[PDB]
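Below are the chains, spelled out letter by letter.
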Amino acid sequence: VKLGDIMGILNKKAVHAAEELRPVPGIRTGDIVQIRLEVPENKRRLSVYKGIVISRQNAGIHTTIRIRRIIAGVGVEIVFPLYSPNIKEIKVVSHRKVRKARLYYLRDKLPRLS
Amino acid sequence: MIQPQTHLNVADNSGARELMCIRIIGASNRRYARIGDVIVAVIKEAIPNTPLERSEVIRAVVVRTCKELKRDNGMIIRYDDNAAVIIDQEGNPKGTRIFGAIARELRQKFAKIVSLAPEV
Amino acid sequence: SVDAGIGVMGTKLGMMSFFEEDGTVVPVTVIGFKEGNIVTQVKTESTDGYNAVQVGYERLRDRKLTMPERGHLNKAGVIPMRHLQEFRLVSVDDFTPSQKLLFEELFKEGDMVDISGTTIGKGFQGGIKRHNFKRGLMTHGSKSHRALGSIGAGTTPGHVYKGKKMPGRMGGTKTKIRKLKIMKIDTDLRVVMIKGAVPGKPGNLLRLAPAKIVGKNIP
Amino acid sequence: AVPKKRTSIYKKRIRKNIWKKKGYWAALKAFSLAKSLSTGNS
Amino acid sequence: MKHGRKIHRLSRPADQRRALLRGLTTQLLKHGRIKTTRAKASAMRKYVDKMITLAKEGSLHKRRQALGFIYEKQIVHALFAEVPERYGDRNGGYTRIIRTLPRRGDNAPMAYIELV
RNA sequence: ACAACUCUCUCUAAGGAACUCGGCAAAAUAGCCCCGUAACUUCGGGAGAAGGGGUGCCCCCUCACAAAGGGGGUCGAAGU
RNA sequence: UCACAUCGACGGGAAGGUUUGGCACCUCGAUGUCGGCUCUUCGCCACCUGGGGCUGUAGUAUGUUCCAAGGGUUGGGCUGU
RNA sequence: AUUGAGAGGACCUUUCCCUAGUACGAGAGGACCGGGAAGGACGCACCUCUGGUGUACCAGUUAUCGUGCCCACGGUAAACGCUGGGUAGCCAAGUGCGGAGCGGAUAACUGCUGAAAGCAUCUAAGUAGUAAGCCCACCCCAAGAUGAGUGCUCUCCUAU
RNA sequence: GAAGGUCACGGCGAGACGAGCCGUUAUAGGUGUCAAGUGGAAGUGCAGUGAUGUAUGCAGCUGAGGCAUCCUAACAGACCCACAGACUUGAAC
C-alpha cells in the first residue's frame, strides 16, 4: 500500500462500510428530503426532519447536506452528516428544478419558498 | 454571537416586541453570547397595554442565533433570526407560551422553556 | 529531557473525520510509517555520561548517504536511513541495537501521546501576526495602521530593552503538542489515528512518545 | 534620519570590500560556465 | 505566504499575463522556435502543451476552444491537420527549453522554447 | 521574486457606531413612468418632501399615446 | 463594663519625592507642553487572587492588621479633558 | 548524534455539583477540609467539520468592439464590467491541546524538646509543619559555555 | 583529487537575499486517470409564430490535490581541501 494513497483507501473503507449499514439515495441540490434519526437523549423517540437540500458539500466520510425549512414561523437550516450512524432513514420525497450548486440565495428570498 | 448593542427579537408573549442587548452574564470578559447564555437587555418596544413597559432593563436568555451552534453528532443549526426569551429571574419566562423552535441544549439549565415549546 | 517511554518516529498523512457507534464526530490525524523505527545505538552512565537510545527511520538507496553515516549505521547492522533521533530514558536495558520497535505492541490505545514536530513556516512576519499585537485606528486620520507604535520609554532607559517583541520569522520550529488521544490502531494498514491536530503539513517527521506527566518522571 | 559623523576611513574600506567580493563570486561562477561551454550539453 | 500556490505571474496583472501567454503561444506555434526569458518560457509549457493536447481531438467544439485562445485563425487550422500525424506517438511534453546567455541591457536571463 | 511594512484598490461569517473630539472615512440611495406628499408659510414655497408600486426578452389590439399604453407569454438569485 | 476589637482629641517624631510651592544650578546658535492610540517595563505604601494573627470571631459575611508584586485589575453614557 | 552552563515562554482564574443541608445555629440561614464540573481570559498548534477570502476555476448577465455574416467565442468597461458559486493555500467566528508535583528551601505564623533565669520561653544547640511568592520540574533555544563539552563513524593520495 | 564541503542543474508544505530541505535517471512540468469545484456545453434532433424549452449527457469546462508513466527539462560539468597532527610531563605493553 502506497503512503500517499492511504487517506484515499481509508475513506474507501469508511464510506463503503457505512453504506452497507443503509444504502443512501442520489440526493443533490433542490430536492425535498425527509430524514429521521435515532436521537441519543436516552430515548429512541425518532425525531423526523424535513425540507429542501440547498447544498451538498462532497467530502468523503463527512459528506454532508444542508437542509433548509421554514419551521413553525421561523426559517431554519440544519446540515446533516450524510453517513452518520445516528441517522436512520433518508427518503427523497420530491424534486424542485433548480439550477445552481448551492442555494444560499434562498435564505433571503421569501417564506413562501419552503 | 449576540453582543452589546445587538437588537434581538422576543420569542415569547411576555408583551415585549423587541430587545436590545447590553451585557453578557455568566463567564465574565465574554465577547458575545451564543445560544444558552443569559444576557441583559433594554426593551426597545412593546405592545401598548402589557405589564412590561418600554425602556426597562431586564434579563433575557438567547434561544435563536444566526451563528451555527454545533452538536457532537456533527449536525449544525443556523436560524434566520437572533432572538431571546425574557427570563423572569431563576426559572420560567414571564409568558406561559413560547414560539418558533428551540434546541435540546437549552433543556439542561432551562427545563421549563422546552416544556412550553411548539416544535423542539 | 528524560522521556516517559521510548518514542517512535512517524509521518503525518492529513486529517480524517472518524465516527463512533454513538455518532460522535471526531477530527483525527492519520499517521503513517516507513521502514523501521530500528534501534541504532545505546548510551550509558558507564561510557557516555547518560542513558539513551538512538532510533533511525525512513529507508534509502545507500548512495544518498555519506561514508561516516554509512559506517555508523553499518556498525549496527541496519538498513540505510535518515533521521537518527535519541530518547533519553532512566531505563537503559532491553534496547540492544538492530531491534525493531513495534508501535502496535508498545502503545496499546487510549494512551494520550505527546507528539513533537517542526511546524508550518510563515516567513518573516509582522508584530500583529507574530506576537498578537493590536493595530491602531483606520480612519480619524491615523497614519499609524499596522505597526509597533512606540518601542521603548525615554531618556531614562535610554535604549531598547532586550527581548523586546518585534517583527521576525514566525514558524518552522519544534513544538510538542502533548496529551493526545489514540483513537484507533489499524493492524491491517500500520496507521495510527490520533485525535486532533499535529504540527506541520502532510510529510513531516513526528516524534511519537507517551505522556510526560510529573507523576512519571523525576521529583 | 541623518548621520552624526562620518565613517571616514577603514570602515568604508571594510564595507566596500564585501561588495567587491560579490564581484568575486560572480567571477568564479562565470569561470565555471566556460568549461561547461566546452564539450557536450545535449 | 505563497504556500502551495502555483502560478507563473510574469511580473504582470491578469490583464496582461494572459495577453502575454496567448501571443507568445501563437508566435511559438507559427515559427516553431522563439527566443525569450526563462520565466516567460517556463510558464509557457502549460499552454502550448494544452493546445497540442486540444489538437488531438479535432472536433467542432475543440477547434472553437482553441480558436478563442490563439487570435489568428490560420495558425490553429495548421494544427488539427498537422498535429495527429507528427505527434500521434508522443504522449504529453511537446516542448523543449534550451537556455542561452543573458540579455545585454539588463542582465535578463534568457532561453529558447520550440516544439519537440 | 511574491517576506514584514506603506500606499492605490477588491471582498468579507455574527453584530451594526459598540469607533471617535465628531459617523471623519467608507457604505447605502440613484434613470425613467405611475400612485402618493405633512408641520409651517412672506401664499411664490416647503417638495424630488416623506412613502410606495412598475421596468429585461418575445407575441399581440389602433383610419395616429417616440419598443407606446394595454393584454398575454418566457428567462435569471437579480431587468435603470 | 474596658484608652490599646474598632476609632482616637490636645500635642510630639519620622520617612517618601507622585501634588501645590521656594531657589534660578544644566539647556534661549530650540530638548515640541495636555489628553487619546500603539507598545512597554518597573515600585509597593496590596483592589482581587495565595497563606496568616486579633476580633465587640456562633456559622455565613465582615472589620483590623502581618507575609506575599507570580498573575490579573471590564464594556459604555457625558466632558478636549 | 546529543550533554547542559546559561537564557527565555509558560505555572492565571470561575461558578456549579458531591461532601452536606452535614458541623454551627432557637430559627433565619449555612461552613472549614478534600474530590469531581462545565466556562472566562490567555498561550501553542491545525484545517476534518462550519465558514471568509480565493482577479485559477466554473456559471449567469449589461454595454459596445472584434472574430466576413447567423451560431459560437475573444477584448475592454483601472490593478475581476457587474453579480452568483468555489478546490488547494492562507485565515478565524471553526478544531484540537495546554496550566498538572505527597520535589526542595523559605516568608508571616503555629510548634516540639529546652536553658540562660531550679519556674517559664518556637532559640541561644537541634528539629517539624508551613504560601499563586523563590529554586528544580513543564515547553522552546543553547558549547562564540574562547570554560569553544561528550559520543558514534569516515578520511589522510600526490601534479593529483 | 581524501572524507567532505561549495557551486551549477529541477524544485519545495523552506524562503526578503543568504539559509534550510528534497531531487539530479518520479524532482518540477506535461500526459493518463481519479477525488473535488461548477452546474447541464457545443453540435444535432424534436416542440413552440417567437423569447425559449427539451433529449442525446451527474454532461462540458476546470482539476493549486492524490496516484500512475521518464514524453520534456535535471545535460554539461566546475571550485575548495589533506605534514597520520608543533611543545612538556607522568602512568602503560
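Residues numbered from 1 in each chain as written, not as in the entry; some residues may be left out. Chains lettered and ligands numbered in written order. Part of a larger assembly, values for the part shown. Heavy atoms only, no water.

What the deposited record gives as its method is cryo-EM, and the resolution it gives is 3.6 Å.

Chain E appears in the PDB entry as 50S ribosomal protein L17, chloroplastic from Spinacia oleracea. The header of this PDB entry states its title as "Cryo-EM structure of the spinach chloroplast ribosome reveals the location of plastid-specific ribosomal proteins and extensions". Turning to chain E, the UniProt record has this under Sequence similarities: "Belongs to the bacterial ribosomal protein bL17 family." (UniProt positions renumbered as here; feature names shortened; annotations may be inferred.)

Chain C has the name 50S ribosomal protein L3, chloroplastic in the PDB entry, where Spinacia oleracea is given as its organism. Its UniProt record, at the heading Subcellular location, says of chain C: "Plastid, Chloroplast". Among the UniProt annotations of chain C, the heading Sequence similarities holds the following wording: "Belongs to the universal ribosomal protein uL3 family."

1. Comments concerning the sheet that holds strand β3 (residues 64–70) of chain A
Pairing in this open sheet of 7 strands is antiparallel, and the strands run β5(A)-β1(A)-β2(A)-β3(A)-β4(A)-β6(B)-β5(B) from one edge to the other. Looking along the sheet, the strands with just one partner apiece sit at the ends: β5 (87–95) of chain A together with β5 (69–70) of chain B. As paired elements, β5 of chain B and strand β6 (residues 76–79) of chain B share 2 bridges and run antiparallel to each other. Residue pairing in the sheet places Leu69 of chain B in a bridge with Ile77 of chain B of β6 of chain B. (Pairing = 2+ DSSP bridges. Helix = DSSP H or I, 4+ residues; strand = E, 2+ residues; numbered from the N terminus.)

2. Focus on the nonpolar core
With 44 residues, the main nonpolar core has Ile35 and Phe80 of chain A together with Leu19 and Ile39 of chain B as its most contacted residues. By residue number, the principal contributor to this core is strand β2 (residues 16–25) of chain B, which donates 4 residues. In terms of nonpolar packing, the next biggest core, distinct from the first, is built from 28 residues, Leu21, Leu29, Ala43 and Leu115 of chain E among them. (Core = buried A, V, L, I, M, F, W, Y, C linked by side-chain atoms within 4.5 Å. Buried < 20%, exposed > 50% of the residue type's maximum accessible area, 1.4 Å probe, protein only.)

3. Comments concerning a negative patch on the surface
On the surface, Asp72 of chain B together with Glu20, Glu21 and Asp22 of chain C cluster together into a patch of negative charge. You can see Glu20 of chain C is positioned in the loop between β1 (8–18) and β2 (26–32). (Patch = residues over 30% accessible without salt bridge, like charges linked within 9 Å, V, L, I, M, F, W, Y side chains within 5 Å. Areas by Shrake-Rupley, 256 points an atom, 1.4 Å probe, with all protein chains shown as cover. Salt bridge = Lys/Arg side-chain N within 4 Å of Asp/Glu carboxyl O. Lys, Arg positive; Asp, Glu negative; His and termini not counted. Charge placed at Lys NZ, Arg CZ, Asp CG, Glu CD.)

4. Structural notes on the packing of aromatic side chains
In the structure shown here, the tally under the stated rule is 5 aromatic pairs over all chains. Sitting above the plane of the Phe69 of chain E ring, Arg22 of chain E keeps its charged end 5.9 Å from the centroid. (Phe/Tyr/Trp six-rings, centres within 6.5 Å; stacked < 30°, edge-to-face > 60°. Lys NZ or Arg CZ within 6 Å of the ring centre and 35° of its normal.)

5. Points about a positive patch on the surface
Residues and elements named next belong to chain E. Residues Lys2, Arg5, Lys6, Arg9, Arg45 and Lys46 make up a contiguous surface patch of positive charge. In this fold, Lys2 is placed in the segment before α1 (14–31). Overall, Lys2 belongs to the exposed group, its relative accessible area being 60%.

6. As for unusual backbone geometry
Among all residues except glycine, the phi angle is most often negative; among peptide bonds, the trans geometry is most common. Residues other than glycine seldom take positive phi values, yet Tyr10 of chain D does so here, at roughly 75°. According to the relative accessible area criterion, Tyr10 of chain D is exposed, its value standing at 52%. Backbone geometry places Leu101 of chain E, a non-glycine residue, at a positive phi of 50°. Look at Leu101 of chain E and you get exposed, because its relative accessible area is 67%.

7. Describing the pattern of salt bridges
Summed over all chains, the structure comprises 18 salt bridges over all chains. We note a salt bridge from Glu41 of chain A to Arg104 of chain B, for which the minimum N-O separation is 2.7 Å. Of this pair, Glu41 of chain A sits in the loop between β1 (31–37) and β2 (47–57) while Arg104 of chain B sits in the loop between β7 (83–85) and α1 (111–115), placing the two residues on different chains. For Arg104 of chain B, a relative accessible area of 18% corresponds to the buried category. Through salt bridges with shared partners, a single network forms among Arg68, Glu77 and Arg107 of chain A together with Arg78 and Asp80 of chain B.

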